[PDB]
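A short write-up of the structure that comes next.
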Amino acid sequence: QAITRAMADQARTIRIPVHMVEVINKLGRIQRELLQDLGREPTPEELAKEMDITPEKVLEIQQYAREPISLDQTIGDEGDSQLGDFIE
DNA sequence: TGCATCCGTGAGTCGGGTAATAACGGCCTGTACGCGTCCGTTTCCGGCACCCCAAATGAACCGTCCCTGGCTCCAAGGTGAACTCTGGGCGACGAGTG
């Protein structure tokens, strides 16, 4: 319990409440299970049916689950400049 | 007292973005939102106290901008001649014509 709560609290750069972290992980787990079962990636409608929640909420959770990227990571093929040099 | 062992220095210029795992009830509340009722506001129909206001309704009105009277006082129209081309008619004479 302590490890999972701390993971949900401090895992991501943008804090996500545990109530949303739990559903994010559940959606991902059963999505991978459905992909394994079917042989093809489950569709958003199928994922919504499995969640017993609306596809709009499924898509909102999916876009919420995204994580930020480093502004200082090398963007070129070699090491020449960072992503922070390409943002206005 | 060297000696290897890091240890840290430095080494040129104008295609983009890629991912895990067991986690799951159950209860509290905090702020935003929704429901029902109630009341000051303001917004619009109507009336005289009258405030009158006015183009529209009666004059003159008289100077001026229209008529009539007639009187002229002059230049256009009508009247001659003769005359100087303008022209018609006429006579003379010949050399190609018969």
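Residues in the structure tokens are numbered from 1 in each chain, the chains being A, B, ... in the order shown, and ligands are numbered from 1 in the order shown.
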- [ ] Can you check which residues of chain A have any atom within 9 Å of chain B? Use only C-alpha atoms (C1' of nucleotides) and format it as a PyMOL selection string.
- [x] chain A and resi 1+4+22+25-26+28-29+69+75-77+83+86
Write the residues of the preceding selection, restricted to N, CA, C and O atoms, as a short mmCIF file (atom, residue, chain, number, x, y, z; two decimals), in the first residue's frame.
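Result file is again-v1.cif:
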```
data_model
loop_
_atom_site.label_atom_id
_atom_site.label_comp_id
_atom_site.auth_asym_id
_atom_site.auth_seq_id
_atom_site.Cartn_x
_atom_site.Cartn_y
_atom_site.Cartn_z
N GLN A 1 0.82 -1.20 0.00
CA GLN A 1 0.00 0.00 0.00
C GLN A 1 0.86 1.25 0.00
O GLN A 1 0.62 2.18 -0.78
N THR A 4 2.70 1.62 -3.44
CA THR A 4 1.80 2.01 -4.52
C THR A 4 1.33 3.45 -4.36
O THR A 4 1.25 4.20 -5.34
N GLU A 22 -5.15 4.99 -10.72
CA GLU A 22 -5.67 3.63 -10.67
C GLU A 22 -6.40 3.27 -11.96
O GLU A 22 -6.17 2.20 -12.53
N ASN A 25 -3.87 2.87 -14.93
CA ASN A 25 -3.18 1.58 -14.94
C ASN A 25 -4.14 0.44 -15.27
O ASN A 25 -3.77 -0.49 -15.99
N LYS A 26 -5.37 0.49 -14.75
CA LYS A 26 -6.33 -0.56 -15.06
C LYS A 26 -6.66 -0.58 -16.55
O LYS A 26 -6.71 -1.65 -17.17
N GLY A 28 -4.76 0.53 -19.03
CA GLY A 28 -3.61 0.02 -19.76
C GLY A 28 -3.46 -1.48 -19.65
O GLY A 28 -3.20 -2.17 -20.64
N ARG A 29 -3.64 -2.02 -18.44
CA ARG A 29 -3.49 -3.46 -18.23
C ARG A 29 -4.52 -4.24 -19.03
O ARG A 29 -4.18 -5.19 -19.74
N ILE A 69 8.40 15.48 -21.98
CA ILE A 69 9.71 15.13 -22.49
C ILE A 69 10.71 16.19 -22.04
O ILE A 69 10.36 17.32 -21.71
N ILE A 75 18.19 16.50 -29.98
CA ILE A 75 17.18 16.31 -31.01
C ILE A 75 17.80 15.92 -32.34
O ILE A 75 17.18 15.22 -33.14
N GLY A 76 19.03 16.35 -32.60
CA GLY A 76 19.69 16.03 -33.84
C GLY A 76 20.10 14.57 -33.93
O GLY A 76 20.09 13.83 -32.95
N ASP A 77 20.45 14.16 -35.15
CA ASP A 77 20.92 12.79 -35.36
C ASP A 77 22.19 12.54 -34.56
O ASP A 77 22.34 11.48 -33.93
N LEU A 83 16.49 20.14 -27.77
CA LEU A 83 15.12 20.48 -28.15
C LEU A 83 14.76 21.89 -27.72
O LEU A 83 13.96 22.56 -28.40
N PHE A 86 14.70 24.65 -30.28
CA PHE A 86 13.73 24.60 -31.36
C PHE A 86 12.35 25.12 -30.97
O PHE A 86 11.43 25.05 -31.79
#
```
Open item on the list: Residues near residue 48 (chain A), anyone? I mean within 10 Å using only C-alpha atoms (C1' of nucleotides), not counting same-chain ones fewer than 4 positions away, as number ranges by chain.
Closed with: A: 27, 42-44, 52-59
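If only C-alpha atoms are the atoms counted, then among A:30, A:38, A:47, A:65 the closest residue to residue 14 (chain A) is A:65.
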Task: Minimum-distance residue to residue 17 (chain A), chosen among A:39, A:81, A:62, A:5 (using only C-alpha atoms) - done: A:5
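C1' of residue 33 (chain B) to CA of residue 64 (chain A) spans 24.7 Å [interatomic distance, one decimal].
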Open item on the list: From the options A:85, A:80, A:21, A:73, which residue's atoms come nearest to residue 9 (chain A), counting only C-alpha atoms?
Closed with: A:21
